[PDB]
Amino acid sequence: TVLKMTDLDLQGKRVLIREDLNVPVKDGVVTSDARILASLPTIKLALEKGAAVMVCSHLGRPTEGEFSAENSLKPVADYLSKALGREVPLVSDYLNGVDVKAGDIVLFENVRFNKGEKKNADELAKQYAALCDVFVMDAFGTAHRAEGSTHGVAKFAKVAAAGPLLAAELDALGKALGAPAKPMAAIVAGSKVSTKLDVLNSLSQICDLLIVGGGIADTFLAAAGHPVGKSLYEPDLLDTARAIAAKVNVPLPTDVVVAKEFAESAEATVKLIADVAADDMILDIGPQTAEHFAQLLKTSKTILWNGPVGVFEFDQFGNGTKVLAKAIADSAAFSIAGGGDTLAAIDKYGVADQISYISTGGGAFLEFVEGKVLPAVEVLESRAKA
C-alpha cells in the first residue's frame, strides 16, 4: 500500500507534486491538453487542502544540463494560469530555494533540464526533497522509470504519498489484473511478438480469451500453418506462440482484409485465411472474424484492450477495429484500455465514455501488465510503513 495525498493534513505545508504534463506543444502553445485536464483535480485539491503547491513535470527529452526553449514548460504555465483563473508562475531556478506561500502555486521548469534527473542522482533527489514537506507522485506514465523527480525525491522527502490520479490508475489496473471478474478477455496487438513477449505471457495465465492483432496475429497465424503473405512475422518465435496458444485460447481469424499495395488503384479484398497470396498484405481482420470476435467479447466480465486489429487509420482497413471498439463499448464488462494506438482508436470511433478506465500510462501501463515492479510505486510503499 501507499500513502494517499487525500488522507494527509496539508494545511500550510509545502507540497511538491510530480505530474505528467508532457503535452504536445507547437510554437509555445499547448495543442492537446488531456494530460493537464487529468491533473487539474489533484492541483485544485492540494490548494483546497491549504498547501503551498509546487508542480513539477517533464517535457520532451531535452539534453540534460542545457536549457532548450522548445522543451520549456512555459506554455503549460500559460495554460494552468487560464485554467485556475490566477497567475501560475514558471520558476526556472528553484533547486537552491523557492518562495511559495500557502495558497499559492508555482510550476517548476522542466525536470529533465536538471543534471542527474535521468540517472536518479542522490544529490538532485535531496534538493527536491529539501524544497517540500510532502512529495506527491501523481504521474503514472513515468512510474516505470527511476528518476530524480519520480523516485529519488520519494526516498528523502519527509512524507511521500500517491496522488489521486496515480491511486486511480493503480486501482483500475489491480481490478483487471488481480483476480479479475471471469471470463476475462484481452486484446493485444503490435508489430512483433518479441517486443510484447512479457505482455503476452503475463496475460496468457490471467485471461480466458486472448485476441491478437497486427504483426502479433501474423506470427500466431503462421504458427498454425496458415499463409500470411507479405506480412511480418517472426520465425524464431512460432514455438513461443504455440506455447501461448496451448495455455490460453487464442482464436485465429476466419477472414482477413488484404491489399497488394497502398495506391489509388489498390482494391482492399476480403479473403479467407487459406486464400492469402504471397504478395498480399494482411491489414485488417475480415468482417466474419470481426463479428465472431465481437460475440466472444460480449459476455466478458473484464476486458483488457491493448491495440487495434488493423491499420485503422485507413477506413478500408478500419472495420475490424471499429467493430471491436463498439463490442467493447456495448459490453457490460469492466473495460481497461492502454497504449497510444488504442487511445487513438478510442478517439476515432468515439467510445471513450463507454470504456471503464482509459490508462494514459503507455510504457508504464505495459510493464504493470507484465507484472514488473514499478520503481515509483516501490519507493512509495517503502515510505508507507509504520
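A. Here's a closer look at the domain arrangement of the protein chain. The assigned domain composition of the protein chain is domain 1 (1-163 + 373-386) and domain 2 (164-372). Taken over C-alpha atoms, the centre of domain 1 sits 34 Å from the centre of domain 2. Contacts between the two partners involve 18 residues from domain 1 and, on the opposite side, 17 residues from domain 2. Among the ionic pairs, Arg 145 bridges to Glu 367, the shortest N-O distance being 2.9 Å. Inspection of the region where domain 1 meets domain 2 yields eight residue pairs in polar contact.

B. Structural view of the UniProt feature "binding site: substrate" (unreviewed entry) in the protein chain. As recorded in UniProt, the sites labelled "binding site: substrate" (unreviewed entry) are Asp 20, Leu 21, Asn 22, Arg 35, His 58, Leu 59, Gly 60, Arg 61, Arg 112 and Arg 145. Checked against the lining of the largest pocket, the annotated residues just named reduce to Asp 20, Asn 22 and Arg 35. Positionally, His 58 belongs in the loop between β2 (52-56) and α2 (74-84). A residue is classified by how much of its surface remains accessible, and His 58, at 6% relative accessible area, is buried. When sequence neighbours within four positions are dropped, the list of residues in contact with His 58 reads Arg 18, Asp 20, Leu 21, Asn 22, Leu 73, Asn 110, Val 111, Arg 112 and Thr 142. Among the polar contacts made by the side chain of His 58, one reaches the side chain of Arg 18 at a distance of 3.3 Å. Looking at the secondary structure, you find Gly 60 in the loop between β2 and α2.

Rules used in this analysis
- Residues numbered from 1 in each chain as written, not as in the entry; some residues may be left out.
- Heavy atoms only, no water.
- Residues with missing side-chain atoms left out of burial classes, pairs and counts.
- Domains from an automatic or database assignment.
- Contact = heavy atoms within 4.5 Å.
- Salt bridge = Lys/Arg side-chain N within 4 Å of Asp/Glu carboxyl O.
- Polar contact = N/O pair within 3.5 Å; in protein donor to acceptor, adjacent residues only side chain to side chain.
- UniProt positions renumbered as here; feature names shortened; annotations may be inferred.
- 1 Å grid on protein atoms, 1.4 Å probe; cavity = no way out; pocket = protein on both sides within 12 Å on 5 of 7 lines; lining within 4 Å.
- Helix = DSSP H or I, 4+ residues; strand = E, 2+ residues; numbered from the N terminus.
- Buried < 20%, exposed > 50% of the residue type's maximum accessible area, 1.4 Å probe, protein only.

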